[PDB]
């Protein structure tokens, strides 16, 4: 009688997860948006006040896309006219609303087409980027000071990232770092003068008669990379009539002998900055610690204070060197480092000392350091019950490292095994956020004795509705391959019956440091395939996958498209043995790296798979960007790793594709994984006479995520899998 979870339910979002997104603004209060009202909440007592009425700006004249309140509460930035660029970057217009008064400030407005804007950490200074140059406003109504004059579209970027830094290094458009004081503005400058341009057509609305050509500086593997410089300006000594002076901070000589990246920026105190640099060959990095000389007005970085991080087994950090967390006085810090057994744990460094001290150890990894006080360090790890796909909050007593208390493991052990967290300033309180395996649960806690204060959102509304649907369930378990555990999950049809044989869809990603088997609750395409189409959707984390130490993660070093492709295959065989999978109906699919792996598997001739779907696949590593690819594959030269570059293409395997049904899909405006990668696959298949199915999506990018395209691609894919599985 009860309904199933339908494709339409997925597509139209019938069943919504409620969130509780808060922003701490002090040690005891947070802001929360509620029915477009902005409320301030007091953590200890839970009482609230309306800070911004949803009726304010009703007559503002534009739909306001976003807001940002200055730290000390005197102003609010209103973002409107948002126009998205890449994954993080975008352009917009801005108004400032004086809260003390009740006026929009009318003159010296932040310009249209501004590329980035930030408040300082304290007060109400602004820094923004417009036409690739940096500007500073001391007060919201005063004329800004121009800090840089070198900005040039597509060539010199001040205070914002170029394409490859945004996507691969900072995961952000911003390249601006205020000191905790607001006294100094640090920024990077990127120079793309000789980076080659990827070009592709954008077709736009039907009314455009000639297609547009988009051209983006974009280093493919082995190509010329952007260069970077780092500067710090004193925002307290700006002059109306004198250009502002930026002091440059140069990379360490061991970086200057070749191509290198600036990869981390972190203020330690009001007068100390930490910079991390990374060689183009990403197995060697340097942390520089630079102090302000108030007499010189200059910045010096003592070589004695440098810290070096090397890898023998692979690359530095999971995707990049980890962030250091400085003690209050700035003379020491903690960061995650891979230990001698290859597990990532918390290491304590002292700035004038050479080696660090491990504060944690064991056959599990620290995921992130979340907070630090003088008595305790709080971190997320997957230690609980030895499950790599679980996540919990722990605290370590800094006076006795043997005293670790888990703060989340036992709160709600059946419902909650995957936590993330958000601490107020000075770590007086924290919000816990459980993501599964039960429905997401948001709770507020006091750090004093780690006492629960109250439930913030328990998603009871969603619970009511789902009691009316036949939901699939999820199994998280492991198999053994050559003496080692590798984890998988299965999304199982409702009323699962291990005596019947089900079709199986292998959902893959398997890029380096990926994890597809975990304890989080999701409502997605797979929910539909299991609930309505009675398909099992499996995912497997093989060699190359993360959060289980370097032996596993680095197995793939200089060898992309090998072990992680074989392992997805062997996992599929082992699934086939289990007595509830029809071995005649095994499919595979994935997006991006998942599309690469899907294609390499389908072209392996294993005979294990009936059909597969690759969406926006990499096909050849020379086509993808330098920073991501070289991190794992080194350089595509005869002296380095050219030979596995050439050995790991989808194209070289065209012939074996005649054994399977293949659907190939790609967006024509994909700035990230270029349509090119897919166009070379289809051409190789044609050359060898293999029939297959294709679908391009006009003007969609890597995400294929406009509402209509998103509905369309999943509708198309369902049909393909239904037909491949002889489902009616």
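Superpose the two forms; the largest set of C-alphas matching within 1.5 Å is the rigid core. Residue numbers count along the first chain shown, from 1.
> Line up the rigid core: which moves more in 6 other deposited structures of this protein, 96-104 or 503-511, by C-alpha RMS?
Replying inline: Per-stretch check in 6 other deposited structures of this protein: the more divergent one is 96-104.
> Taking RMS over all structures and residues, which stretch has CA atoms farther from the shown form in 6 other deposited structures of this protein, 319-327 or 296-304, after a rigid core fit?
Replying inline: If we average over structures and residues in 6 other deposited structures of this protein, the farther stretch is 296-304.
>> Using only C-alpha atoms and the B-factors in the entry, which stretch averages higher, 360-368 or 136-144?
In response: Mean CA B-factor is higher for 136-144.
> Of the two stretches 170-178 and 572-580, which shows the higher Cα B-factor on average in the entry?
Replying inline: That would be 572-580.
> Reading the B-factor column of the entry, which of 232, 627, 256, 380 has the highest value at its C-alpha atom?
Replying inline: Each of 232, 627, 256, 380 was compared by C-alpha B-factor; the highest is 256.
> Out of 375, 622, 643, 162, which one has a C-alpha B factor higher than all the others in the entry?
Replying inline: 643 has the highest C-alpha B-factor of those listed.
>> Lowest, middle or highest third: which one holds residue 703 when the chain's residues are ordered by CA B-factor from the entry?
In response: Bottom third by C-alpha B-factor.
> In terms of the chain's CA B-factor thirds, is residue 59 lowest, middle or highest?
Replying inline: Top third by C-alpha B-factor.
> If you rank every modelled residue in this chain by C-alpha B factor, which third holds residue 21: lowest, middle or highest?
Replying inline: Middle third, going by the recorded CA B-factors of the chain.
> So where's residue 67 on the chain's Cα temperature factor ranking, which third?
Replying inline: Tercile = highest for this residue's CA B-factor.
> How does residue 593 rank on Cα B-factor within its chain, lowest, middle or highest third?
Replying inline: Its C-alpha B-factor belongs to the lowest third of this chain's values.
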